[PDB]
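Have a look at the structure below, then the notes.
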There are 4 protein chains.
Amino acid sequence: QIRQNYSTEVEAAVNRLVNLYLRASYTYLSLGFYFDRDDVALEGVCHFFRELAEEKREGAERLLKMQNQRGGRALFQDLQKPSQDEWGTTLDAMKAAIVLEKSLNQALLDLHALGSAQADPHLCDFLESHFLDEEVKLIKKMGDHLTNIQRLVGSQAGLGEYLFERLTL
Amino acid sequence: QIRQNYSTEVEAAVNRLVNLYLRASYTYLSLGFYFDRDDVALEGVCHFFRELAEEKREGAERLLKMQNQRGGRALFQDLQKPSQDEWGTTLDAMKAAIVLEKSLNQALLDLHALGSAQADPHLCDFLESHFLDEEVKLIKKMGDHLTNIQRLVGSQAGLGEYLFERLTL
Amino acid sequence: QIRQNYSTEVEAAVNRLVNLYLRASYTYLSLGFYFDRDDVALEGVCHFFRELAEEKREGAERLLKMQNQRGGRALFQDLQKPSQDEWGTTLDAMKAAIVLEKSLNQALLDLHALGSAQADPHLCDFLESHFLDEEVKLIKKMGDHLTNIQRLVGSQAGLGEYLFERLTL
Amino acid sequence: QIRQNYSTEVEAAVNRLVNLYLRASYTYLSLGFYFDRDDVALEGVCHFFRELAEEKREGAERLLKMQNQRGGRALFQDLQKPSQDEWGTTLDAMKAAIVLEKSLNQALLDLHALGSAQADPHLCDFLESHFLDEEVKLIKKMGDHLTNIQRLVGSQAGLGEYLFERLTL
Ligand SMILES: [Fe+3]
Ligand SMILES: [Fe+3]
Ligand SMILES: [Fe+3]
Ligand SMILES: [Fe+3]
Ligand SMILES: [Fe+3]
Ligand SMILES: [Fe+3]
Ligand SMILES: [Fe+3]
Ligand SMILES: [Fe+3]
Ligand SMILES: [Fe+3]
Ligand SMILES: [Fe+3]
Ligand SMILES: [Fe+3]
Ligand SMILES: [Fe+3]
Ligand SMILES: [Fe+3]
Ligand SMILES: [Fe+3]
Ligand SMILES: [Fe+3]
Ligand SMILES: [Fe+3]
Ligand SMILES: [Fe+3]
Ligand SMILES: [Fe+3]
Ligand SMILES: [Fe+3]
Ligand SMILES: [Fe+3]
Ligand SMILES: [Fe+3]
Ligand SMILES: [Fe+3]
Ligand SMILES: [Fe+3]
Ligand SMILES: [Fe+3]
Ligand SMILES: [Fe+3]
Ligand SMILES: [Fe+3]
Ligand SMILES: [Fe+3]
Ligand SMILES: [Fe+3]
Ligand SMILES: [Fe+3]
Ligand SMILES: [Fe+3]
Ligand SMILES: [Fe+3]
Ligand SMILES: [Fe+3]
Ligand SMILES: [Fe+3]
Ligand SMILES: [Fe+3]
Ligand SMILES: [Fe+3]
Ligand SMILES: [Fe+3]
Ligand SMILES: [Fe+3]
Ligand SMILES: [Fe+3]
Ligand SMILES: [Fe+3]
Ligand SMILES: [Fe+3]
Ligand SMILES: [Fe+3]
Ligand SMILES: [Fe+3]
Ligand SMILES: [Fe+3]
Ligand SMILES: [Fe+3]
Ligand SMILES: [Fe+3]
Ligand SMILES: [Fe+3]
Ligand SMILES: [Fe+3]
Ligand SMILES: [Fe+3]
Ligand SMILES: [Fe+3]
Ligand SMILES: [Fe+3]
Ligand SMILES: [Fe+3]
Ligand SMILES: [Fe+3]
Ligand SMILES: [Fe+3]
Ligand SMILES: [Fe+3]
Ligand SMILES: [Fe+3]
Ligand SMILES: [Fe+3]
Ligand SMILES: [Fe+3]
Ligand SMILES: [O]
Ligand SMILES: [O]
Ligand SMILES: [O]
Ligand SMILES: [O]
Ligand SMILES: [O]
Ligand SMILES: [O]
Ligand SMILES: [O]
Ligand SMILES: [O]
Ligand SMILES: [O]
Ligand SMILES: [O]
Ligand SMILES: [O]
Ligand SMILES: [O]
Ligand SMILES: [O]
Ligand SMILES: [O]
Ligand SMILES: [O]
Ligand SMILES: [O]
């Protein structure tokens, strides 16, 4: 058929990466609606996490498209529900979001390493152009938010959270 | 004449609901001008309650229009003055506004229940399309405001009230 | 808080309905990418199921928004993977899609019935306006497709599938 | 001069790759004019292969430009005539086109592997951005066409070929 220089190991890892992205998307949808509760009511934080949900979903779809293009076979698994039902403060949420992005990034780097080992340049390029740079920029942005949240919730935690949501997000 | 499947019980309840809406409107006009006093001076809160006064007045007029369309007879009663002359802080005001909206909502649901009992689908539809959804959205919005006010007036009550009026309203 | 006339039974059912919609969306994403395989290659069928994936996701998000507005608490569960990994012919796929939509519709009607029992008109209206009509139109459309597929794959199954994808989808 | 980190092995391989691309272009020009014969008369297939002829020629010219930029020396060889004078059916032609693209892709991957061995990142990047992704997409597209042709020429080969040329190409 069309399949060429595309190892079963890469195929399998691509499928696992699809699962991680759809799970991240699901986590971010839960984060977003949490911040939209009447007893939380931080619209800007809700909007930030809903954007991220969409981004992660796009990520998965690009992976799935790439899987088809290489002649791999997509295989879907159960999507585990997010690790929490309530996400605490903006501070807690942004910490959990960075932890999540780091673990996506690590999976991207593992796939890239596998790609190199197998001499699969097309895999490596595709991750490079579409995933690795974006993750880096996103993680930088989240780190910056985290610094600003922390500096604001020194004293006057409630005031700090409100001001962050209003003037940054 | 035109009157068809429109019970005297519904007619009476519609008239009482008109009275509740005009009273709410009157309450909100008093809330608005309170916040416009030189010793209160929270323009954004004044503007929020003046919008609500207009909305409640529209509500009443739609009810009165519906009463005519069904061939009921409008009957006006005295409008009781608002329960307070001074409304305290933004926090106090938003609490009183939610209490008021809840009691409008309860009257809307009672009318709907009566409408069902009497097999009056047109009444039920009219409340559905024009009143029940709006009340839900409005009460959600007021709950959100209340959360933000409370989080801001933890410490530094005056600063918190100012920031809310400036950055939310 | 804001919660008013919103029973724990309705809250629970809304959460289950969110799960069904996200599962449908996941099924449709798997259907779409299946038809985009190089050994299936029916772009119009891929595009039809990818539209449906997006629609089901929107459905879930509206439900989640409604849950917040009523003061319910969203709770996420694990999303079960689609019931199949390969979906056979366009005929097989459209049959499975109708079965799925019927089961969403049945859940919508069950929720509506619960809504009535609990005298929760806002729930009933929300399902009415946003879900019940769309499901009906969608199921009609899928039935129509099914008739056309069947009439085409009488003899010359491959020719019939190609012509359907090209001239209908 | 300008030449830096550009091995004679890479230079030689680039020259061979130019020859393969110009040969592919020549093959596609022969495929195109075949389908434009009065006794074949499949304009859409002619147009598809004439586009590919132009694409392969562009490919060669980019390679030759890159050779100059690195300070390599272009060397031209004889271009072998296409392996066939007549190309059979659309099915036969699309099979031969996929075989050809696979062999271009393999040469691109070999050059990339050489590029890595020699620590020549600029070579690797240039193939990545300009060649490897396009080949993958093209081979996917040709596989898809092949599936559709095959499904159509089950029974009624002539009808199937006509419909493919009219509704796909
Ligand atoms: Fe909102
Ligand atoms: Fe808003
Ligand atoms: Fe908004
Ligand atoms: Fe967006
Ligand atoms: Fe968006
Ligand atoms: Fe957006
Ligand atoms: Fe987008
Ligand atoms: Fe986006
Ligand atoms: Fe995006
Ligand atoms: Fe992006
Ligand atoms: Fe993007
Ligand atoms: Fe499979
Ligand atoms: Fe919880
Ligand atoms: Fe590379
Ligand atoms: Fe003023
Ligand atoms: Fe002013
Ligand atoms: Fe002004
Ligand atoms: Fe206005
Ligand atoms: Fe106005
Ligand atoms: Fe105005
Ligand atoms: Fe108005
Ligand atoms: Fe208005
Ligand atoms: Fe209005
Ligand atoms: Fe309105
Ligand atoms: Fe209006
Ligand atoms: Fe007084
Ligand atoms: Fe006074
Ligand atoms: Fe009804
Ligand atoms: Fe496509
Ligand atoms: Fe296409
Ligand atoms: Fe397309
Ligand atoms: Fe769409
Ligand atoms: Fe879309
Ligand atoms: Fe679209
Ligand atoms: Fe949409
Ligand atoms: Fe859509
Ligand atoms: Fe939509
Ligand atoms: Fe829709
Ligand atoms: Fe819509
Ligand atoms: Fe909860
Ligand atoms: Fe399978
Ligand atoms: Fe109803
Ligand atoms: Fe011509
Ligand atoms: Fe012509
Ligand atoms: Fe022409
Ligand atoms: Fe061209
Ligand atoms: Fe041209
Ligand atoms: Fe052209
Ligand atoms: Fe061109
Ligand atoms: Fe071109
Ligand atoms: Fe081109
Ligand atoms: Fe190109
Ligand atoms: Fe180009
Ligand atoms: Fe010959
Ligand atoms: Fe000849
Ligand atoms: Fe590289
Ligand atoms: Fe690279
Ligand atoms: O909002
Ligand atoms: O968005
Ligand atoms: O993106
Ligand atoms: O996006
Ligand atoms: O003002
Ligand atoms: O207004
Ligand atoms: O309104
Ligand atoms: O209004
Ligand atoms: O496509
Ligand atoms: O779409
Ligand atoms: O929709
Ligand atoms: O949509
Ligand atoms: O032509
Ligand atoms: O062209
Ligand atoms: O190109
Ligand atoms: O081109």
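Just so we're on the same page: first chain in the structure tokens is A, next is B, and so on; residues restart at 1 for each chain, and ligands are numbered from 1 in the order they show up.
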
- Query: Residues within 10 Å of ligand 31 (only C-alpha atoms and all ligand atoms), as a ChimeraX atom specification?
  - Reply: /C:43-44,46-47

- Determine which residues of chain D sit within 12 Å of chain C, taking into account only C-alpha atoms, and present them as number ranges by chain. D: 137-164, 166-169

- Rounded to one decimal place, report the atom 1 (Fe, counted along the ligand's line) of ligand 21-CA of residue 120 in chain C distance in Å. 28.4 Å

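For ligand 68, the set of protein, DNA and RNA residues within 9 Å, based on only C-alpha atoms and all ligand atoms, reads residues 54, 55, 56, 58, 59, 130 and 134 of chain C.
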
Save the residues we just selected, N, CA and C atoms, as a short mmCIF file (atom, residue, chain, number, x, y, z; two decimals), in the first residue's frame?
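The file below, selection.cif, is the result:
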```cif
data_model
loop_
_atom_site.label_atom_id
_atom_site.label_comp_id
_atom_site.auth_asym_id
_atom_site.auth_seq_id
_atom_site.Cartn_x
_atom_site.Cartn_y
_atom_site.Cartn_z
N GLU C 54 -18.27 17.19 15.89
CA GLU C 54 -18.25 18.55 16.41
C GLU C 54 -19.61 18.90 17.04
N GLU C 55 -20.69 18.46 16.40
CA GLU C 55 -22.05 18.74 16.83
C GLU C 55 -22.32 18.13 18.20
N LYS C 56 -21.87 16.89 18.39
CA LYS C 56 -22.09 16.20 19.64
C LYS C 56 -21.30 16.87 20.75
N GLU C 58 -20.45 20.10 20.86
CA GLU C 58 -21.24 21.29 21.18
C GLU C 58 -22.41 20.97 22.10
N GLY C 59 -23.14 19.89 21.78
CA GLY C 59 -24.25 19.42 22.59
C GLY C 59 -23.82 19.28 24.05
N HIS C 130 -33.25 23.08 22.05
CA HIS C 130 -31.84 22.93 21.69
C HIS C 130 -31.48 21.51 21.24
N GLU C 134 -33.51 19.08 16.82
CA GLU C 134 -32.30 18.80 16.06
C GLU C 134 -32.13 17.29 15.88
#
```

- Task: Mind listing the alpha helix (DSSP H) residues of range 54-138 of chain D, per DSSP on the backbone, as a PyMOL selection string?
- Result: chain D and resi 54-70+90-117+121-127+133-138

- Message: Show me which residues line ligand 26, defined as having an atom within 9 Å of a ligand atom where only C-alpha atoms and all ligand atoms count, and present them as a ChimeraX atom specification.
- Response: /B:84-87

Keeping N, CA, C and O atoms, export the residues of the selection given above as a PDB file, in the first residue's frame.
```
ATOM      1  N   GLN B  84     -36.543  48.815  51.232  1.00  0.00           N
ATOM      2  CA  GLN B  84     -35.533  49.641  51.873  1.00  0.00           C
ATOM      3  C   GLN B  84     -35.426  50.992  51.162  1.00  0.00           C
ATOM      4  O   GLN B  84     -35.817  51.143  49.997  1.00  0.00           O
ATOM      5  N   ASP B  85     -34.904  51.974  51.899  1.00  0.00           N
ATOM      6  CA  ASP B  85     -34.656  53.334  51.436  1.00  0.00           C
ATOM      7  C   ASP B  85     -33.149  53.518  51.155  1.00  0.00           C
ATOM      8  O   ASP B  85     -32.772  54.337  50.332  1.00  0.00           O
ATOM      9  N   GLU B  86     -32.285  52.760  51.847  1.00  0.00           N
ATOM     10  CA  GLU B  86     -30.830  52.756  51.693  1.00  0.00           C
ATOM     11  C   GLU B  86     -30.440  51.294  51.508  1.00  0.00           C
ATOM     12  O   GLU B  86     -31.064  50.440  52.124  1.00  0.00           O
ATOM     13  N   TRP B  87     -29.398  50.986  50.716  1.00  0.00           N
ATOM     14  CA  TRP B  87     -29.189  49.595  50.335  1.00  0.00           C
ATOM     15  C   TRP B  87     -27.817  49.049  50.783  1.00  0.00           C
ATOM     16  O   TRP B  87     -27.398  47.957  50.353  1.00  0.00           O
TER      17      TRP B  87
END
```

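The residue that comes closest to ligand 15, out of B:57, B:3, B:50, B:16 and on the basis of only C-alpha atoms and all ligand atoms, is B:50.
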
- Item | Neighbourhood of ligand 14 at 6 Å, counting only C-alpha atoms and all ligand atoms, reported as number ranges by chain | A: 121, 124-125

For the residues in the current selection, export C-alpha atoms as a short mmCIF file (atom, residue, chain, number, x, y, z; two decimals), in the first residue's frame.
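Result file result_10.cif:
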```cif
data_model
loop_
_atom_site.label_atom_id
_atom_site.label_comp_id
_atom_site.auth_asym_id
_atom_site.auth_seq_id
_atom_site.Cartn_x
_atom_site.Cartn_y
_atom_site.Cartn_z
CA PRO A 121 12.67 11.75 9.45
CA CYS A 124 10.60 13.89 13.47
CA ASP A 125 9.81 16.85 11.14
#
```

- Task: Skip residue 60 in chain C itself and residues of its chain fewer than 4 positions away, then list as a PyMOL selection string all residues within 10 Å of it, counting only C-alpha atoms.
- Result: chain C and resi 14-15+17-25+55-56+64-66

- Query: Got a sec: who's within 8 Å of residue 82 in chain B, counting only C-alpha atoms, leaving out chain neighbours fewer than 6 positions off, as a VMD selection string?
  - Reply: chain B and resid 23 26 to 27 30

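Put simply, CA of residue 63 in chain A is 18.1 Å away from CA of residue 136 in chain A.
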
- Give me the residues within 8 Å of residue 80 in chain C as a ChimeraX atom specification, counting only C-alpha atoms and dropping any in the same chain fewer than 5 places off. /A:77-79 /C:23
